[PDB]
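Each protein sequence line maps, in turn, to chains P and A.
First residue of the first sequence: 1, per the deposited numbering; consecutive thereafter.
First residue of the second sequence: 602, per the deposited numbering; consecutive thereafter.
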Amino acid sequence: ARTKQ
Amino acid sequence: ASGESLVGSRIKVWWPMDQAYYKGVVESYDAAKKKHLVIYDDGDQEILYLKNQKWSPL
C-alpha cells in the first residue's frame, strides 16, 4: 500500500 | 499547477495513508498519459496523476 511504514 | 510546466520543480506530495507530505522533484511529464514522474528525497519514485493528488509546490 501507499505508505512508507 | 500541473502539466509540462511543473517539470524541474520541487514539490511535496501528500500520502494520505501516512498523513504526510514527502518532498521530491518533478523529473518529467508524459503528455499523452498526463503523468508526472516524481523522484523523492528518500529514494522513492512515483508516476503520478497530480490532478487527483494533494500536493503543493515549495
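Just so you know, even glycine gets a beta-carbon here, dropped at the ideal spot from N, CA and C.
Exercise for the section: Would you please verify whether the beta carbon of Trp615 (chain A) is less than 8 Å from any beta carbon of chain P? Expected result: So, not an interface residue.
Exercise for the section: Assign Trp615 (chain A) to buried or exposed, taking buried as 16 or more other Cβ atoms, counted over all protein chains shown, within 10 Å of its Cβ. Expected result: The residue in question, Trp615 (chain A), is exposed, as its Cβ has fewer than 16 Cβ neighbours within 10 Å.
Problem - Burial state of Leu659 (chain A), where buried means 16 or more other Cβ atoms lie within 10 Å - result: Burial call: exposed.
Exercise for the section: Examine chain P for any beta-carbon lying closer than 8 Å to the beta-carbon of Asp619 (chain A), and answer yes or no. Expected result: Judged by the 8 Å Cβ criterion, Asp619 (chain A) is in contact with chain P.
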